[PDB]
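A.B. asks: First the structure, then my questions, so here it is.
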Amino acid sequence: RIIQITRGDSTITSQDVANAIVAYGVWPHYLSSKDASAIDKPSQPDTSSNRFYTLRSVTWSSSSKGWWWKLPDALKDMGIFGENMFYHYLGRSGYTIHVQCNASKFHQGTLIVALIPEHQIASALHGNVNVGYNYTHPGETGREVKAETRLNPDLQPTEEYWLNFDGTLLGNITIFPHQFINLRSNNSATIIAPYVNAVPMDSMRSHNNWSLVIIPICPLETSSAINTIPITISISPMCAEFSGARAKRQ
Amino acid sequence: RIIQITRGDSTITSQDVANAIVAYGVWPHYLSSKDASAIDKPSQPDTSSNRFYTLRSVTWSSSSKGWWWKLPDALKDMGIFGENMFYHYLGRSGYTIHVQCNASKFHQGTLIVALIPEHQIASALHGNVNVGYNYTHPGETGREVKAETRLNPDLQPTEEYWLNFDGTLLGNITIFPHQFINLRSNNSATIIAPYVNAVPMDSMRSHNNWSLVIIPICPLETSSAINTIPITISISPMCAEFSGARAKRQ
Amino acid sequence: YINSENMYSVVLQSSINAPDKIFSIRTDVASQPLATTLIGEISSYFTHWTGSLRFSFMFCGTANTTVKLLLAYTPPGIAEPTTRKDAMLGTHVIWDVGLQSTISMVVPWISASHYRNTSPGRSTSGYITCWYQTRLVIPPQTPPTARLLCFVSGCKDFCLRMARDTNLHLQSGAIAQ
Amino acid sequence: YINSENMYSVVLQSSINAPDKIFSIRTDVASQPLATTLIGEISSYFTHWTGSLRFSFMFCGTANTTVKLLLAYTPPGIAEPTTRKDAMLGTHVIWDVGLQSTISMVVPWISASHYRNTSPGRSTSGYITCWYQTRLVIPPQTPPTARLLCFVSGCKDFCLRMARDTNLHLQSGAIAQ
Amino acid sequence: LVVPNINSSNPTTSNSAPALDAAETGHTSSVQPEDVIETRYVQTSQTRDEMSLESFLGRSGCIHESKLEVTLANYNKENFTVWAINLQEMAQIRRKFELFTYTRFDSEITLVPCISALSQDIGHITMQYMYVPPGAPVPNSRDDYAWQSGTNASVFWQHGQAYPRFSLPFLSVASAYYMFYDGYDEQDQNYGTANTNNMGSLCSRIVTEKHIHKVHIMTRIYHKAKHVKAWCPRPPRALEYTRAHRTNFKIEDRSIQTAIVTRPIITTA
Amino acid sequence: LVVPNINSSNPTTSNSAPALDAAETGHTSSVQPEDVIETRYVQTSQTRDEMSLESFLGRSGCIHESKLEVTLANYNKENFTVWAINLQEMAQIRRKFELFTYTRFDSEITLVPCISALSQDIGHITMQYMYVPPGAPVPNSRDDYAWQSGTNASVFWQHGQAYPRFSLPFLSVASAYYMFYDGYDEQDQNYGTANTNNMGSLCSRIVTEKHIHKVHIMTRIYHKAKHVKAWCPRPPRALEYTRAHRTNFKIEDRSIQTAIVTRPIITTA
Amino acid sequence: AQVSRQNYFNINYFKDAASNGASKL
Amino acid sequence: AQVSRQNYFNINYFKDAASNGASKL
Amino acid sequence: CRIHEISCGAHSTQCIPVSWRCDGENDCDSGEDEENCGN
Ligand SMILES: CCCCCCCCCCCC(=O)O
Ligand SMILES: CCCCCCCCCCCC(=O)O
Ligand SMILES: [Ca+2]
């Protein structure tokens with residue numbers, strides 16, 4: 001019923017949880033001498049990167065509809081992991097995702113935390129339109145579900161959470177690695193994911209292997225004074241690897 | 001009579017040299033489980049740092065008197081080695097220093113390349129005066145021997161090369177790891193140095209274990225059109241190690 | 001609070017919705033405010049020290065009150081962290097209050113030399129900042145504030161040396177018999 | 001030249017066609033100008049010495065510049081040699097510059113007693129004169145001068161004894177704290 | 001006496017939480033570095049020898065300064081001192097021992113005479129120090145018979161003789177000395193260590209017969225503990241000491257002053 | 001510890017030239033007598049024992065002169081000294097140790113008191129010397145409690161007592177003492193050995209109570225190194241020392257003066 | 001009798017308990 | 001224990017490391 | 001600071017005995033102990 005995770009110089013705890021789930025059931029690990037293509041000695045920053053990085057908390061209220069960050073990226077400023085990420089062309093990693101969010105025996109709500117591989121969103125417009133880089137690489141902030149016009153907005157991803165942002169129905173979202181946070185029960189979710197992608201290593205900049213999604217499937221109701229609780233996200237890379245080292249790109 | 005050094009994704013060559021010399025005769029290496037004090041897993045960036053970094057060439061003329069850079073520091077901007085250096089409190093490393101400088105069978109000159117441990121310069125003034133941080137941390141540029149007044153100049157290191165910048169006489173400079181570049185013979189020097197210091201690891205910012213020095217002991221004379229040749233410096237860390245990881249300092 | 005228990009606890013607010021600093025302190029065993037503590041006072045009897053420290057925290061709010069803090073240790077060589085991000089990039093622990101009130105975490109010994117001075121100068125051994133990971137939360141009809149205590153002790157690691165006279169206690173003028 | 005590198009090198013002329021002296025110095029390790037050197041300074045910390053000395057020379061002229069010198073050691077008991085003949089009648093070495101810039105030669109320990117005084121009086125341990133065996137020579141379009149450095153060190157032989165206070169360094173009036 | 005070493009640790013992700021405990025018990029959460037951070041492997045050398053009780057109280061310190069003023073005229077009727085024995089009179093020391101409830105040990109006493117000259121010359125001075133146990137007769141004149149010392153232990157010091165010194169076995173009629181004592185008299189009075197720690201008195205007296213120079217003798221007393229044991233540690237002292245054998249601390253029109261420094265705000269130290 | 005002997009040599013006429021080498025390498029051409037002169041055969045006795053580090057720094061020298069002037073009037077408020085500990089203050093010594101970058105060793109300290117009389121007589125003087133580590137409370141009056149020395153190490157000297165002396169273990173929190181140090185503060189300030197070599201301070205104070213004679217106490221301090229090791233030799237010093245923990249040498253309106261003597265011409269020495 | 005520390009001899013010259021030097025551990 | 005030099009006895013009378021005389025080689 | 005012996009060549013501070021009166025060494029801070037001598 002309890003839990004304690006350690007990574008690098010960091011350690012999470014949680015007095016009450018639903019026993020962490022392992023992505024597709026395959027613990028992370030380094031790159032096999034039998035698969036790699038990169039023919040140069042990979043760098044493994046170790047404890048200085050495979051640590052726990054905590055994001056920028058967002059707020060959940062009686063009207064929020066959802067959020068999401070893409071991985072890697074989101075970490076692009078988090079120390080060495082961040083740096084390395086740009087100093088090299090190729091990178092590979094799997095991580096541990098701990099989503100915390102306490103409340104009270106006098107609340108009620110329910111969030112769906114889902115980790116998704118190759119999450120290709122769809123712009124919210126008709127005709128030949130795509131999505132703009134800048135909008136799918138927010139950063140530690142994330143992208144919120146806001147209903148109220150944007151900018152050079154035709155490069156904007158749709159704002160239709162209930163369709164998982166892609167033409168599928170939330171409700172089949174479970175087919176991916178996911179946990180549920182149900183205030184009346186737990187108060188934190190935890191996902192550990194290996195490296196998934198059809199190639200040894202990929203470019204940390206031009207592609208986000210994953211994509212974290214959180215959707216309140218159940219209205220956050222209460223009678224208490226606090227009717228707005230924060231939701232925090234902490235992430236820790238595992239077995240980080242970089243190749244093709246050169247200059248830092250901007 | 002030839003030579004070829006490889007490090008990381010880099011490789012130096014030199015059609016003609018005086019067989020490289022090893023600092024105090026002890027090849028570099030990592031930190032012994034029996035000495036360390038840092039009780040946390042060190043990070044070893046490997047090939048992404050233990051590579052060859054080339055500086056910013058300075059110019060030698062019929063009147064230059066000398067130059068010098070301090071180590072680490074000098075590298076503080078050179079990719080990952082650079083970054084890591086600031087992201088952590090503690091760092092440890094030894095490097096390979098290759099000083100190149102070709103000329104012609106029709107020249108003559110002679111440089112003294114010396115690597116020095118704990119090189120404590122002396123300000124060029126009388127009375128209670130010290131040296132200012134900013135002046136002993138130039139960067140990839142170095143500090144040249146310029147005779148012509150400075151700024152808030154009472155925090156300035158002396159400009160007396162012939163006294164090794166410290167009250168000793170150049171000429172006993174040899175007591176340290178050093179090679180000679182004598183245009184009529186070689187055209188490059190090479191020093192490989194281990195980590196020297198009275199403690200496991202030290203702060204990369206607040207202290208420069210080494211200090212490279214170059215002094216023309218022999219006037220660069222010639223009859224040719226080119227009467228000014230450049231001198232370049234390339235450096236490569238070896239067995240880099242960092243500890244106490246936190247935020248990047250400015 | 002200076003001369004009352006209230007100096008020993010801290011106060012958490014149910015009205016703070018954001019990454020706010022709560023408190024912090026230097027590490028150097030013989031520093032302020034550690035110096036007055038058991039370990040502290042004693043360390044103050046020697047000159048050099050070395051080891052890991054064990055910081056424990058106990059939440060005292062109501063039984064239905066819940067939170068999620070973040071005790072963090074930022075290694076010397078820099079400056080006190082101003083933001084949460086800036087802080088958690090070091091050694092830390094996301095502590096979630098639930099049933100067990102306590103939670104101990106450790107400040108690894110991470111120095112350049114093997115030993116350090118009891119009495120520092122301008123030097124430091126890092127700081128321990130503490131922030132709001134989530135937010136204090138309560139139900140209806142409950143004290144909007146909660147207390148948070150803090151203990152310290154040395155690990156199996158810890159150790160002192162160099163006997164010298166304590167500085168945290170003096171005698172100005174004779175004592176009556 | 002006194003306070004510049006130029007004191008450490010010597011100059012050879014392409015315009016001197018004959019047996020001309022170039023330079024010379026006493027031998028006695030703690031003499032002038034040796035005294036300021038590594039070995040020297042240290043010897044200056046004792047009273048008695050004994051051993052053979054290793055003098056090395058490095059030519060710095062152009063790569064096409066060539067010469068033929070003559071380093072010579074004239075045993076004490078006489079006077080500095082004025083002519084080449086007079087000089088080479090002792091221990092010497094005809095060094096020819098070609099590819100290898102260096103050339104080391106030795107000053108055998110040749111005394112009456114087993115040890116000698118660091119600080120001599122009017123006594124000597126011989127001199128090292130240096131002459132033009134041939135003549136510096138160059139092609140067209142080249143610096144008519146070349147530099148010549150000089151190093152010294154002790155042999156497997158060498159050895160000191162009788163600890164005493166150095167004379168090459170003083171302290172007139174207090175030092176500031 | 002060694003300290004264990006630190007073992008290398010690895011990224012756990014278990015159901016058991018050693019970090020999480022409960023201080024309500026009264027136990028010191030037994031958590032070690034490893035359990036909380038992928039740690040290294042270190043072969044510690046460190047030694048706790050110095051931190052032994054025997055090394056702590058094993059150092060000599062001062063416990064008393066006995067100033068004696070010589071008086072020409074009535075020579076034999078004064079020029080002598082007395083002293084209620086105890087450690088309670090000198091912070092430094094006292095603070096330490098007062099770090100444990102009970103303690104047992106033998107003692108090494110060392111004397112330090114200083115003759116402050118008052119005439120142009122000192123002449124020939126000679127002191128005597130007698131240990132008078134509780135029950136023995138106290139001297140009352142530079143010439144009292146008691147100074148015969150047919151049984152008490154006296155030690156003589158003359159000018160130009162190196163500091164004297166002697167050893168003392170653990171006195172007391174108990175298993176150990178009382179550093180503190182929540183008890184009273186058989187006449188419900190004198191709450192305090194004074195109730196017991198009656199070791200007698202220490203007296204001195206210039207021996208040199210009537211003479212010509214007025215002078216001042218200042219003999220300091222140092223004490224080192226040996227062969228030690230101590231029980232039940234207590235929290236250390238926090239305020240200047242005021243009186244012997246009592247804890248009292250409130251002082252004549254002055255604030256209660258600790259050693260805890262103050263600060264402006266807690267989000268910056 | 002012996003020196004090899006010299007073997008007999010013979011007229012070579014080989015294709016190999018050991019005499020010819022290249023100093024560009026940075027190596028000291030390894031040539032020996034034999035290789036260059038039909039030499040004799042000698043059975044050398046010579047020994048390098050004396051040239052051992054332990055024989056070199058193995059000699060006691062002076063590192064500090066602490067003059068204390070006694071002042072009748074305000075006795076208890078002065079008549080005491082302080083001292084920033086270090087070797088940096090006395091050329092002789094300093095020059096030597098400053099011959100290596102790092103060094104490790106234990107120390108033998110020896111004191112030398114001299115009482116310069118100012119009245120017709122001296123009376124009875126008694127000094128005290130306390131070692132106050134960095135962090136410990138510094139004295140501030142000939143009567144400060146600190147001189148109780150419940151833990152610091154003090155040594156007492158009185159007139160007519162032979163020079164005192166004591167031994168000291170290698171201090172520092174490192175593997176060795178820093179003779180030099182190209183580094184700064186955590187507040188980018190104080191470039192220099194001062195940045196580290198903080199050993200605390202050494203204080204004295206006349207003990208003899210208020211008296212009649214004005215006098216001057218001059219206590220010199222000598223130091224011998226024991227059990228030694230040193231690393232990375234450096235070139236020796238060349239100019240008078242000016243200030244502690246700094247290399248500086250330029251002095252107030254005076255030429256840069258070495259020890260190298262000048263001559264008229266190089267073809268005659 | 002003589003021992004090892006942090007060799008050397010040391011017998012107690014005195015006939016009594018207390019006179020002895022410092023204890024061992 | 002006693003040895004040879006450049007015989008004689010010498011035991012360390014002191015209980016501590018530093019107090020010892022000069023080292024050997 | 002008199003007693004017919006000890007006396008600084010100054011209006012204030014401490015006092016220097018008669019032995020250092022126009023002797024060549026400067027004892028009192030003011031330097032007046034060595035001012036206008038040479039008789
Ligand atoms: C003759 C010298 C006297 C020294 C006596 C030492 C006795 C210490 C007993 C402790 C009693 C106390 O609590 O003060
Ligand atoms: C109590 C006597 C004091 C003697 C202390 C010797 C310490 C030498 C350490 C060297 C520090 C320095 O570089 O000056
Ligand atoms: Ca005078």
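Convention: chains lettered A, B, ... in structure tokens order; per-chain residue numbering from 1; ligands numbered from 1 as shown.
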Within 10 Å of residue 74 of chain F, counting only C-alpha atoms, which residues show up once you throw out same-chain ones fewer than 6 positions away? Write them as a PyMOL selection string, please.
C.D. replies: chain F and resi 141-142+210
A.B. asks: Starting from chain E, keep only residues with some atom at most 9 Å from an atom of chain C, counting only C-alpha atoms, and report them as an MDAnalysis selection string.
C.D. replies: chainID E and resid 3:6 18:24 28:33 36:37 44 46:51 55:56 84 88:92 95 235:245 256 258:262 265:269
A.B. asks: Could you pull out the residues sitting within 9 Å of ligand 3, using only C-alpha atoms and all ligand atoms, and write them as JSON, numbers by chain?
C.D. replies: {"I": [9, 16, 17, 18, 19, 20, 21, 22, 23, 24, 25, 26, 27, 28, 31, 32, 33, 34]}
A.B. asks: Let me have all residues with an atom within 10 Å of ligand 2, counting only C-alpha atoms and all ligand atoms, laid out as a ChimeraX atom specification.
C.D. replies: /F:63-64,83-89,94,97-98,102-111,129-133,153-155,165-172,176-180,193-194,196-203,221-225,244-245
A.B. asks: Restrict the selected residues to C-alpha atoms and save them as an mmCIF file, in the first residue's frame.
C.D. replies:
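New file part.cif:
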```cif
data_model
loop_
_atom_site.group_PDB
_atom_site.id
_atom_site.type_symbol
_atom_site.label_atom_id
_atom_site.label_comp_id
_atom_site.auth_asym_id
_atom_site.auth_seq_id
_atom_site.Cartn_x
_atom_site.Cartn_y
_atom_site.Cartn_z
ATOM 1 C CA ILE F 63 58.833 31.210 12.537
ATOM 2 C CA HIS F 64 57.650 33.963 14.855
ATOM 3 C CA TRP F 83 48.713 35.446 16.410
ATOM 4 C CA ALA F 84 47.520 34.239 13.030
ATOM 5 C CA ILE F 85 49.352 30.942 12.715
ATOM 6 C CA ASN F 86 51.497 30.219 9.680
ATOM 7 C CA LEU F 87 55.027 29.758 8.374
ATOM 8 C CA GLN F 88 54.647 32.494 5.785
ATOM 9 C CA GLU F 89 56.249 35.115 8.080
ATOM 10 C CA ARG F 94 59.350 29.822 4.263
ATOM 11 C CA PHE F 97 59.033 24.642 2.314
ATOM 12 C CA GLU F 98 58.095 26.966 -0.549
ATOM 13 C CA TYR F 102 52.399 20.303 -1.331
ATOM 14 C CA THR F 103 53.829 18.910 1.847
ATOM 15 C CA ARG F 104 52.734 16.709 4.735
ATOM 16 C CA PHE F 105 54.278 16.411 8.189
ATOM 17 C CA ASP F 106 54.041 16.576 11.957
ATOM 18 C CA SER F 107 55.588 19.418 13.903
ATOM 19 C CA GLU F 108 57.822 19.982 16.887
ATOM 20 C CA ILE F 109 57.261 23.371 18.425
ATOM 21 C CA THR F 110 59.781 24.870 20.786
ATOM 22 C CA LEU F 111 59.476 28.108 22.783
ATOM 23 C CA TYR F 129 50.185 29.885 25.973
ATOM 24 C CA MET F 130 46.909 28.671 24.601
ATOM 25 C CA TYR F 131 46.168 27.191 21.251
ATOM 26 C CA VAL F 132 42.889 28.459 19.986
ATOM 27 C CA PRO F 133 41.543 26.593 16.955
ATOM 28 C CA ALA F 153 45.759 22.990 24.754
ATOM 29 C CA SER F 154 47.750 25.376 26.864
ATOM 30 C CA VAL F 155 51.328 25.239 28.117
ATOM 31 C CA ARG F 165 58.256 22.190 23.882
ATOM 32 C CA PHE F 166 55.563 20.025 22.421
ATOM 33 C CA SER F 167 54.604 17.971 19.371
ATOM 34 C CA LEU F 168 51.866 18.487 16.861
ATOM 35 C CA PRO F 169 50.141 16.081 14.492
ATOM 36 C CA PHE F 170 49.563 17.006 10.869
ATOM 37 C CA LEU F 171 46.513 19.269 11.071
ATOM 38 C CA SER F 172 44.597 20.325 7.972
ATOM 39 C CA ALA F 176 48.591 17.878 2.774
ATOM 40 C CA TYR F 177 49.338 21.525 3.450
ATOM 41 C CA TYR F 178 49.078 23.897 0.539
ATOM 42 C CA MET F 179 52.274 25.808 -0.020
ATOM 43 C CA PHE F 180 50.665 27.672 -2.912
ATOM 44 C CA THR F 193 47.040 30.332 0.426
ATOM 45 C CA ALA F 194 45.168 32.515 2.905
ATOM 46 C CA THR F 196 42.925 27.701 3.267
ATOM 47 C CA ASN F 197 45.791 27.643 5.745
ATOM 48 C CA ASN F 198 43.654 28.812 8.614
ATOM 49 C CA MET F 199 45.088 26.987 11.594
ATOM 50 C CA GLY F 200 43.591 29.300 14.169
ATOM 51 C CA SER F 201 45.575 31.515 16.524
ATOM 52 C CA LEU F 202 48.191 31.312 19.281
ATOM 53 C CA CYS F 203 47.789 33.465 22.392
ATOM 54 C CA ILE F 221 58.841 30.331 18.315
ATOM 55 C CA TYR F 222 60.804 27.521 16.719
ATOM 56 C CA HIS F 223 59.562 24.734 14.489
ATOM 57 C CA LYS F 224 60.986 21.446 13.246
ATOM 58 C CA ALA F 225 59.167 19.164 10.802
ATOM 59 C CA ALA F 244 52.031 36.505 3.819
ATOM 60 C CA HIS F 245 50.048 34.165 1.613
#
```
A.B. asks: List as an MDAnalysis selection string the protein and nucleic acid residues near residue 161 of chain E, meaning an atom at most 12 Å away when only C-alpha atoms are counted, but skip any in the same chain fewer than 6 places from it.
C.D. replies: (chainID E and resid 111:114 124:127) or (chainID F and resid 158:161)
A.B. asks: For residue 79 of chain F, find every residue with an atom within 12 Å (counting only C-alpha atoms), except residues of its own chain fewer than 4 positions away, and show them as a list in words.
C.D. replies: residues 67, 68, 69, 70, 71, 72, 73, 74, 75, 127, 128, 139, 140, 141, 142, 143, 144, 203, 204, 205, 206, 207, 208, 209, 210, 214, 215, 216 and 217 of chain F
A.B. asks: Could you check how far atom CA of residue 132 of chain C sits from atom CA of residue 16 of chain C, in Å to one decimal?
C.D. replies: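 Taking atom CA of residue 132 of chain C and atom CA of residue 16 of chain C, their separation equals 8.7 Å.
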A.B. asks: For segment 4-13 of chain H, find every residue with an atom within 8 Å (counting only C-alpha atoms), except residues of its own chain fewer than 3 positions away, and show them as a ChimeraX atom specification.
C.D. replies: /G:7-10 /H:1,20-21
A.B. asks: I need the contact residues of chain C against chain B, so if you could list those with any atom within 8 Å, counting only C-alpha atoms, and return them as a list in words, that would help.
C.D. replies: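 Here is what falls inside 8 Å: residues 74, 75, 76, 77, 78, 86, 87, 88, 89, 90, 91, 108, 109, 110, 111, 112, 113 and 114 of chain C.
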A.B. asks: Let's have the selection written as a CSV table (one decimal), in the first residue's frame, with C-alpha atoms.
C.D. replies:
```csv
chain,number,residue,atom,x,y,z
C,74,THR,CA,21.4,22.2,-2.6
C,75,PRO,CA,25.2,21.4,-2.6
C,76,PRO,CA,27.5,24.3,-1.8
C,77,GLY,CA,29.4,26.2,-4.5
C,78,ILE,CA,26.3,28.3,-5.5
C,86,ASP,CA,16.2,25.9,-9.2
C,87,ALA,CA,16.0,23.9,-6.0
C,88,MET,CA,14.9,20.4,-6.9
C,89,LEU,CA,17.8,20.1,-9.3
C,90,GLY,CA,19.7,18.8,-6.4
C,91,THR,CA,19.3,16.0,-3.9
C,108,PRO,CA,24.8,13.2,2.0
C,109,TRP,CA,28.3,14.2,3.0
C,110,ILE,CA,29.5,15.9,-0.2
C,111,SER,CA,32.7,17.8,0.4
C,112,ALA,CA,36.0,18.4,-1.3
C,113,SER,CA,38.1,17.4,1.6
C,114,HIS,CA,37.4,14.6,4.0
```
A.B. asks: For the structure I just gave you, how does DSSP split segment 9-177 of chain D - specifically, which residues are helix (DSSP H, G or I)? Reply as a list in words.
C.D. replies: residues 34, 35, 36, 38, 39, 40, 41, 42, 43, 84, 85, 86, 87 and 88 of chain D
A.B. asks: Given the selection you just returned, output its residues as a file containing C-alpha atoms, formatted as a PDB file, in the first residue's frame.
C.D. replies:
```
ATOM      1  CA  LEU D  34      75.547  29.012 -11.809  1.00  0.00           C
ATOM      2  CA  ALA D  35      74.358  29.842  -8.314  1.00  0.00           C
ATOM      3  CA  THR D  36      70.937  30.982  -9.565  1.00  0.00           C
ATOM      4  CA  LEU D  38      68.277  24.683  -9.743  1.00  0.00           C
ATOM      5  CA  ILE D  39      71.255  22.634  -8.881  1.00  0.00           C
ATOM      6  CA  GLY D  40      73.120  25.751  -7.932  1.00  0.00           C
ATOM      7  CA  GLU D  41      70.572  27.213  -5.532  1.00  0.00           C
ATOM      8  CA  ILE D  42      70.293  23.894  -3.753  1.00  0.00           C
ATOM      9  CA  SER D  43      74.009  23.325  -3.532  1.00  0.00           C
ATOM     10  CA  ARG D  84      91.724  27.875 -28.623  1.00  0.00           C
ATOM     11  CA  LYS D  85      94.899  25.782 -28.585  1.00  0.00           C
ATOM     12  CA  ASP D  86      95.508  26.641 -24.934  1.00  0.00           C
ATOM     13  CA  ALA D  87      91.918  25.507 -24.258  1.00  0.00           C
ATOM     14  CA  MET D  88      91.387  22.219 -26.081  1.00  0.00           C
TER      15      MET D  88
END
```
A.B. asks: Based on DSSP run over this structure's backbone, return all residues of chain H in strand (DSSP E), as a compact mmCIF listing (two decimals) with N, CA, C and O atoms, in the first residue's frame.
C.D. replies:
```
# COMPACT_ATOMS: atom_id res chain seq x y z
N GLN H 2 66.83 -2.08 18.95
CA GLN H 2 67.96 -1.23 18.58
C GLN H 2 68.61 -1.58 17.23
O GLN H 2 68.75 -2.76 16.90
N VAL H 3 69.02 -0.54 16.47
CA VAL H 3 69.60 -0.67 15.10
C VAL H 3 71.00 -0.06 14.73
O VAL H 3 71.73 0.44 15.60
N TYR H 8 72.49 1.13 18.74
CA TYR H 8 71.83 1.99 19.73
C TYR H 8 70.36 1.67 19.96
O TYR H 8 69.66 1.28 19.02
N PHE H 9 69.87 1.87 21.18
CA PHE H 9 68.47 1.58 21.44
C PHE H 9 67.53 2.77 21.25
O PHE H 9 67.96 3.92 21.16
```
